[PDB]
């Protein structure tokens, strides 16, 4: 009933960004929130009916329009000094606070486009001691050193995606958690039977989709431009 687009947003500081929210539930009231790890949800703007808007406690540096019932666009301007956050749109009936939320969008804003780096990806092979102990084989994938924390990890075996046996970290982790300025890592486990791992015709791949620079972003550095891209690593069955 509610669309936000896109899932991930990357911008250099000073650049205005408009986040879309569209709604087909025929709701009068619409809401924008920001979500920060130490806070839950904070109201940015509330629009109870078309053309009406009221500022939340943290509307400083934000702008909204409501010319149509079905859309509530949020602009984040240069005047917001801490714009990195997860932004959620919601809607409700006019005389209610029972809300229905969009999927949210991750906005990350950086001082410099040169601070973007794609993940490195590595797969660690199942321990032979695990295999003899449990008759099971756990592969581990590590994606490391990336910024922004905008990634989606998947496992592919013999070219088909799998979900059974997969356990991925719910969110990327700061490699320097005690500090503002940090890159990110993400881990995932795929556990299969020993027999399946021990078949050399089985090929296991960890694939990480990175969301980074776009082709209208300019790049002059020697290193490969850190565009949105997929980074992959593989380990193949071993008949030990």
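Residue numbers count along the first chain shown, from 1.
When the mean C-alpha temperature factors of 138-146 and 87-95 are read from the deposited coordinates, 87-95 comes out higher. The stretch 47-55 shows the higher mean C-alpha B-factor when 47-55 is compared against 196-204 in the entry. Within the selection 209, 26, 187, 171, the deposited Cα B-factor values reach their highest point at 26. Based on the entry's C-alpha B-factors, the most elevated value among 82, 158, 154, 167 belongs to 82. Per the deposited record, the Cα B-factor of residue 74 falls in the middle third when ranked against the other modelled residues of its chain. In this PDB entry, residue 229 carries a Cα temperature factor that places it within the lowest third of its chain's modelled residues. Compared with the other modelled residues of the chain, the Cα B-factor recorded for residue 180 ranks in the middle third. The PDB entry assigns residue 111 a C-alpha temperature factor belonging to the highest third of its chain's modelled residues. In the deposited entry, the Cα temperature factor of residue 191 sits in the bottom third of values across the chain's modelled residues.
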